[PDB]
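What follows is a single structure, written as structure tokens, with notes after it.
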Amino acid sequence: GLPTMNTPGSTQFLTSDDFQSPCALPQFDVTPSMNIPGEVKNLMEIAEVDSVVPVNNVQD
Amino acid sequence: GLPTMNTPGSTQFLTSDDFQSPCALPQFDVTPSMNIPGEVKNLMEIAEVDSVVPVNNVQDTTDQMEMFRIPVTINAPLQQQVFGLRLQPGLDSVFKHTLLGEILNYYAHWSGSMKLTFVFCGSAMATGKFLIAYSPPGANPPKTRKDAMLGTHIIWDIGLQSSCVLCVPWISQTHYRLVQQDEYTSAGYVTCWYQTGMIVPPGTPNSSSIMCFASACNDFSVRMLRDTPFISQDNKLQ
Amino acid sequence: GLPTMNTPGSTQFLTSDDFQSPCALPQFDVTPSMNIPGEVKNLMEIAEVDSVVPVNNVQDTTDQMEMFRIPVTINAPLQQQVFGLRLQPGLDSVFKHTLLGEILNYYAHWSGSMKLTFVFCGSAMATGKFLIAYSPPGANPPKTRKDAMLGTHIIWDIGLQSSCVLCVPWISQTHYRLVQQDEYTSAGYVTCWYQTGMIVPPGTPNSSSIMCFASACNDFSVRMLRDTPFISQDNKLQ
Amino acid sequence: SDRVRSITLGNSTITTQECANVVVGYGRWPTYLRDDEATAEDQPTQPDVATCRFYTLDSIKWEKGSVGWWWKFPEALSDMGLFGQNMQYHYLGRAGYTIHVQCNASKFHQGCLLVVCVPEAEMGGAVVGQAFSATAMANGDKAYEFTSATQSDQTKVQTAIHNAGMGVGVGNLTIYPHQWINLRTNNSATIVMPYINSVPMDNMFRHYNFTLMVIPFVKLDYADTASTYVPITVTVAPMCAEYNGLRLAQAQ
Amino acid sequence: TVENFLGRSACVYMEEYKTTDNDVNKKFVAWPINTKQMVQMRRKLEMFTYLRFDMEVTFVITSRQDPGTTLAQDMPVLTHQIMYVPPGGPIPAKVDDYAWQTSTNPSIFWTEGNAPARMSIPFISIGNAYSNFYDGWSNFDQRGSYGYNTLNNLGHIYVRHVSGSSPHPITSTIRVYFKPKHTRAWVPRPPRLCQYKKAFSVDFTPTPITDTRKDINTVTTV
Amino acid sequence: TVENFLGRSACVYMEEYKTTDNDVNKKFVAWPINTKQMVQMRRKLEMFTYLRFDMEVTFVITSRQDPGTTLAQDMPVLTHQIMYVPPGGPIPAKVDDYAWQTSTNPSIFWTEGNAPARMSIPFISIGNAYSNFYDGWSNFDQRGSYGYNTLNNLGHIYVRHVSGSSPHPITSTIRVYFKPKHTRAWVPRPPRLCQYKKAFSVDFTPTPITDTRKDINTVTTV
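Just so you know, the sequences run in chain order B, B', B'', C, A and A'. A prime marks a further copy of an entry chain. If you're matching positions, the first sequence starts at 1 in PDB author numbering and goes up one per residue. If you're matching positions, the second sequence starts at 1 in PDB author numbering and goes up one per residue. If you're matching positions, the third sequence starts at 1 in PDB author numbering and goes up one per residue. If you're matching positions, the fourth sequence starts at 1 in PDB author numbering and goes up one per residue. If you're matching positions, the fifth sequence starts at 1 in PDB author numbering and goes up one per residue. If you're matching positions, the sixth sequence starts at 1 in PDB author numbering and goes up one per residue.
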């Protein structure tokens with residue numbers, strides 16, 4: 001075998017990791033994509049939309 | 001050694017994985033290939049072949065072969081119904097065990113058109129016209145020829161050409177339907193009626209049989225491999 | 001580290017594997033190569049060499065060397081049989097321990113033609129013609145010269161050229177036969193008969209011996225490496 | 001018309017005035033074994049006209065209540081002239097065949113037969129687990145018959161027609177080379193079968209390469225005609241027959 | 001595609017072998033290679049008459065300590081040997097016999113805790129294609145064995161613990177998976193309808209065409 | 001091809017060594033390297049008179065806890081040392097002696113649970129080819145040792161547990177595999193017919209040419 005050496009972090013599960021992994025359903029034929037209106041790409045697109053502010057949020 | 005780090009999935013055995021592995025018989029000299037007739041490359045090639053549909057799979061069946069014979073008779077009341085079946089190629093008893101239904105049962109999704117071929121098996125002297133229709137889903141199935149004729153249909157005339165093909169088109173809201181069909185994924189009904197009647201000259205039998213074949217069209221495909229509900233065991237064999 | 005994922009087979013020791021591994025004697029200076037005569041590169045080179053076949057391996061054998069001597073005599077009844085053997089080069093006792101049979105016994109499949117060379121060892125004054133034949137498998141072996149002559153054969157005449165070669169061709173339904181031959185993989189029989197008779201002048205011995213050699217042809221090959229049934233032990237030696 | 005057909009092999013000719021087409025194997029015409037596909041090294045015999053000719057088996061009666069018949073090949077031809085003789089003297093044989101099934105009725109009769117050739121038609125016993133002998137499936141040119149009822153006799157094969165003796169659906173036998181004789185249009189069926197096997201040649205007694213099945217899917221029916229039964233006759237011609245491994249003849 | 005339909009690993013056999021037992025045969029497995037004992041794989045292959053392919057073999061071996069009154073022990077990791085014996089080779093009669101030397105037969109030595117063992121075998125038939133069915137006999141006489149079993153002579157698989165004798169018995173279970181690859185298939189057949197009864201014969205019990213409904217017009221569920 | 005025929009790993013030796021024992025010699029192995037003790041490999045090599053090749057060596061080491069009345073312990077993973085001592089080098093007399101320093105001899109330190117240890121050795125003979133047979137003597141006198149054993153001086157292999165003394169004894173078994181590669185062979189000989197009797201001599205007991213049958217025409221089985 002090719003000589004290797006494991007470094008710290010080996011075997012850990014980091015929630016925000018970004019690795020490849022085997023597919024359990026090899027060769028599964030995905031349903032074709034369809035062009036649905038209203039696609040969102042960034043949450044800032046939502047934050048850029050007006051919403052009514054409850055300014056008069058008083059006690060009584 | 002080269003620094004590495006194992007990720008999740010490491011050491012697992014996924015049944016549908018696709019990796020390389022060492023060969024236990026290094027340098028084994030394989031027997032030469034031979035060109036045997038009938039090679040299959042896709043299961044859809046099989047589903048595209050006609051098989052006899054047991055349309056007359058009725059309760060009181062004494063003789064099993066009767067299931068393949070659709071009864072047709074002389075002096076039938078005008079506009080009478082010959083048969084009616086619901087389009088669930090993988091679920092309904094009429095289709096589930098045909099070539100097409102068996103292939104469908106190893107998958108969970110299906111899509112495409114179907115060919116229902118009808119062949120008249122009476123004598124050359126008998127005549128008749130039948131209306132064969134397909135009704136896309138709706139709250140109620142057609143109960144009368146008048147109801148049926150509003151949908152997709154063909155009017156079959158008997159002559160030298162004994163067979164007629166009703167091609168049921170893919171009309172659906174979704175691209176695929178489930179093999180284990182449900183209401184959401186409903187496909188409709190196929191019904192047959194006397195257009196005129198089976199007329200006969202003197203000296204010929206009074207009733208005859210019609211047979212129904214089914215196969216997939218070239219726009220048909222299946223998705224999502226799954227095990228079939230049609231085979232099981234309680235013990236290892238032997 | 002580089003993210004990796006172990007697949008099945010990881011850590012196993014497959015006897016016929018073919019991987020690299022660290023050298024325990026780093027930088028060891030190997031003794032220079034020398035060109036020794038007789039290098040072998042393929043075991044088939046050995047199987048292609050003639051070895052003496054113990055054709056006369058009969059029950060009452062007193063003297064072991066007699067097994068290599070096929071008896072031939074004067075005034076033999078017309079059309080008499082000299083010998084008969086069944087073609088199972090790796091299984092039959094006549095062949096199993098020859099060079100060819102020994103090589104075959106380290107494999108499970110074989111294919112190709114064979115050379116059976118016969119050498120007459122009587123005096124220069126004796127004469128004779130023999131019919132040597134090969135019968136492809138069938139329900140029954142030839143019992144008479146008339147039966148034998150319908151198959152592949154050669155008519156051997158004795159003269160200055162003492163040896164004759166019967167080349168048994170590869171005639172089979174399958175590309176390969178099993179070394180542990182069975183009925184399905186049957187190869188047939190080789191038989192020998194007096195064509196005329198061994199005639200002799202005055203003052204020469206009344207009987208003589210014929211020897212049989214066997215080797216593989218250039219279309220011969222073996223497949224599927226396996227251990228031989230010919231060697232064993234109950235304890236470590238020493 | 002194309003309905004007219006004439007076929008000549010050796011010293012025999014077959015003619016038909018009302019036929020369909022001619023079905024050819026899996027689109028494969030019979031052919032002699034090539035040098036690059038052979039194992040057996042001896043020079044083969046190719047008797048030609050003496051063996052590659054039409055042989056007519058014993059006829060049978062199609063009656064209103066008939067259910068179906070089968071014949072196993074090459075066994076069915078084991079007694080036919082030099083074809084049978086060559087089968088006996090040789091360890092190996094190889095051949096394709098032109099099968100011509102004949103059945104004429106009248107414009108007032110009705111009925112429909114499936115004529116199929118099933119390669120490797122391995123069959124199940126009447127009682128599961130119980131072995132049967134060769135005699136339960138083939139014996140010269142004797143026609144064997146299927147039954148409606150399920151078979152009870154353990155010395156027999158499971159003859160219930162709807163499973164064709166193979167445990168499959170009889171209406172799916174159409175994936176094998178076939179033709180239909182619908183009395184209303186045909187009068188015969190012709191299927192040319194090429195040699196199909198997993199080995200280049202094989203012993204002709206020990207292995208039944210394919211089985212011919214003739215099954216009435218639509219029963220024979222007629223009115224007040226004086227004719228009662230309708231005969232069915234099978235005529236078959238070996239094609240490109242070659243044999244290897246000559247030796248003494250096999251007793252049976 | 002047939003390559004895709006057949007190309008998934010399927011369990012074709014499983015058996016147990018003990019680390020220590022009084023019965024010699026309980027300590028190793030001897031399996032005559034075949035594809036007829038596990039129902040799922042069998043039905044798939046049997047949809048074709050002839051098949052030609054290379055084979056990927058994966059082994060899943062697991063061990064468990066046998067229950068008992070005294071279980072305290074500290075056994076090091078176990079190593080197994082899987083040896084393939086082509087037809088005619090010497091067969092082991094016990095875990096410690098000479099045959100396990102494998103000077104020529106292929107073997108795999110595998111240690112627990114690691115990725116499952118695996119290797120490829122090429123198309124090894126003596127014929128041009130593997131036969132799923134064989135309507136014939138072994139003898140020219142038309143006697144002897146009948147059926148596909150007469151063509152099955154692929155050899156055996158033998159497996160044992162290497163030097164794993166433990167104070168208290170441990171039971172290992174081996175599962176063997178087959179995944180055909182580089183496949184070709186000829187002359188397709190109707191799928192098996194009747195349940196399988198025997199490993200080495202087509203034998204079955206008559207089963208009806210399909211299930212029934214009340215009448216020829218019934219189309220509702222309730 | 002000879003490369004292929006000889007190119008499979010074969011077990012050439014095996015021995016046990018304990019983790020703890022009263023007998024010093026039971027705790028380590030000392031093996032005089034040779035290819036004559038395991039029958040299968042021996043027969044193959046001996047089909048040629050002279051051989052020249054590089055050698056791949058793989059070790060399979062397994063451990064088991066010795067049976068006893070009290071077995072409860074919790075021993076950490078074991079590490080083994082395999083040292084090669086060329087002819088003339090200092091030989092270890094016990095598991096803890098200075099010789100195990102290996103400042104110059106090649107050694108392998110291996111820990112259980114991992115892939116089997118392995119390494120390559122080049123063609124190390126002092127001659128131009130290894131001799132499987134030697135019809136001669138050690139002394140010019142035509143006296144002394146007779147046979148191939150006089151040319152065997154490849155050294156020894158020594159193996160011990162590193163600092164593995166356990167409360168209750170554990171027995172490790174080492175198996176050594178040889179796989180010749182980059183092979184050349186000269187002057188082929190008839191295969192060994194008689195069973196082997198000694199590791200260091202050709203010695204045998206007369207064995208008949210082959211097995212017998214009733215008569216010279218018998219061709220049936222029953």
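C-beta atoms are modelled at their ideal positions from N, C-alpha and C, and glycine is treated no differently.
Other residues of its chain near residue i: CB distance less than 6 Å, five sequence neighbours each side excluded
| i | result |
| --- | --- |
| C:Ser59 | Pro231, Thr233 |
| C:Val218 | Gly111, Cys112 |
| A:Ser138 | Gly144, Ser145, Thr150 |
| C:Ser198 | none |
| B'':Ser209 | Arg69, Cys121 |
| A':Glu112 | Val77, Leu78 |
| A':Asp21 | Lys27 |
| B'':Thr152 | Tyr134 |
Cut-off 7 Å between Cβ atoms - residues of its own chain near residue i, not counting five sequence neighbours on either side
| i | result |
| --- | --- |
| A':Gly89 | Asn105 |
| B':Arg86 | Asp92, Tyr189 |
Proximity of residue i and residue j at Cβ, strictly below 7 Å
| i | j | result |
| --- | --- | --- |
| C:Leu220 | C:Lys64 | yes |
| A:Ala72 | A':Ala72 | yes |
| C:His100 | C:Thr190 | yes |
| A':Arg175 | A':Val60 | yes |
| B':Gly84 | A:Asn217 | yes |
| A':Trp110 | B'':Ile36 | no |
| A':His156 | A':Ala30 | yes |
| B':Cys192 | B':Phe130 | yes |
| A':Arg64 | A:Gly164 | yes |
| C:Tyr195 | C:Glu75 | no |
| C:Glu120 | A:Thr35 | no |
| A:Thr102 | A:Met83 | yes |
| C:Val168 | C:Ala136 | no |
Proximal residues to residue i (C-beta, below 8 Å), its chain only, five neighbours per side dropped
| i | result |
| --- | --- |
| C:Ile161 | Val67, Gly68, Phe146, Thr147, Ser148, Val170, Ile215 |
| B':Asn57 | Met67, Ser93, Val94 |
| C:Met239 | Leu9, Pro30, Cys52, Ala95, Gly96, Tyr97, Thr98, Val192 |
Beta bridge counterpart(s) of residue i as assigned by DSSP
| i | result |
| --- | --- |
| A':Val60 | A':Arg175 |
| A':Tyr98 | DSSP, once it has assigned bridges, lists no residue as partnering A':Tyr98. |
| C:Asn244 | C:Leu92 |
| B':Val179 | Looking at the DSSP assignment, B':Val179 forms no beta bridge with any residue, so it has no partner. |
| B'':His109 | B'':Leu178, B'':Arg223 |
| residue 244 of chain B' | The question about residue 244 of chain B' has no answer, for chain B' in this structure spans 1 to 238. |
| B':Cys164 | B':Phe118 |
| C:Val24 | C:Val192 |
For residue j and residue i, the rounded distance between their alpha carbons
| i | j | result |
| --- | --- | --- |
| A':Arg8 | B':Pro26 | 9 Å |
| A:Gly144 | A':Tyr13 | 45 Å |
| B':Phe19 | A':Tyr17 | 39 Å |
| A:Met41 | B'':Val179 | 29 Å |
| A':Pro191 | A':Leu6 | 14 Å |
| B'':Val52 | A':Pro188 | 17 Å |
| B'':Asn206 | A':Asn132 | 47 Å |
| B':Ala216 | B':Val49 | 7 Å |
| A':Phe178 | A':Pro169 | 30 Å |
Enumerate, from N- to C-terminal direction, the unbroken beta strand (DSSP E) stretches of 3 or more residues contained entirely within the segment 124-205 of chain A'.
156-161, 170-188
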